[PDB]
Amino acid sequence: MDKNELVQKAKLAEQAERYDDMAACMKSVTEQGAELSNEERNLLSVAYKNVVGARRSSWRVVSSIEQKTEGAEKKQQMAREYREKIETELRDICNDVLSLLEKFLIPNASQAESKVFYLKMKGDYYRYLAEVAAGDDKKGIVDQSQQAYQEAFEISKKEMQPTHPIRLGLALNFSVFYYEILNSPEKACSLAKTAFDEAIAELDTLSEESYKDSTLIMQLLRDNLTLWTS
């Protein structure tokens, strides 16, 4: 239960592609209450990304199957129940992250880049909840996502260079929120195009540490733009 040991085990779990183990280690690190280093922060994010990603992918498959089996009630009821079980896992994972975010990560964020990272993450995990939200709760979930993204967005435009990978990654995910959650293609495109164009005009401000991350995100911004406007 030592911190450096937990971090090393997390790295080992990542190599082994055992992301449940990875998330458990990094959760334990976070719960010790100290602000996460950049490396620790990224390990936590990678771990939960894979843990929730597996559920998101499974959910899409099963929800799709559920829809296409109308009039075969026994098979559909079976598909529905399985979707709901996956959904419960998914919600528990998102609530796990969102709780760590409220209790430790966002309050301990001393610098702007860290505050943007965590607010972005809060935006993401509410967005994943919104993907599977139905009825009453959806509008509330959607507003929680939007508000976290919006605050991150404003802070990033004030404190970070246009080519900063965290600022670009936020624009990318916030544009996806507009496209997929708010059904506003036009606002999604505007946001993506601006982020891309402002980064393009300043490639000299890239560093050796971030030029690969930043240029990959730019490429994805443009990939999305192309798809959305076809």
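Only the largest set of C-alpha atoms that superpose within 1.5 Å between the two forms is called the rigid core. Quick note: we count residues from 1 along the sequence shown, nothing fancier.
When the other structures are laid on the shown form by the rigid core, the stretch among 152-160 and 75-83 with the greater C-alpha deviation in 8 other deposited structures of this protein turns out to be 75-83. When the other structures are laid on the shown form by the core, the C-alphas of 183-191 and 196-204 differ in how far they drift in 8 other deposited structures of this protein; the larger average drift belongs to 196-204. Judged by mean Cα B factor in the deposited record, 208-216 ranks above the other of 208-216 and 12-20. Checked against the record, the higher mean CA B factor of 48-56 and 158-166 lies with 158-166.
Sort the modelled residues of the chain by CA B factor and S64 lands in the highest third. Among the modelled residues of its chain, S175 has a C-alpha B-factor that falls in the lowest third, as given in the PDB entry. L191: CA B factor in the middle third of modelled residues in this chain (values from the PDB entry).
When the CA B factors of the chain's modelled residues are split into thirds, the value for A199 lands in the middle one.
In this PDB entry, the Cα temperature factor of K75 sits in the top third of its chain's modelled residues, the highest group.
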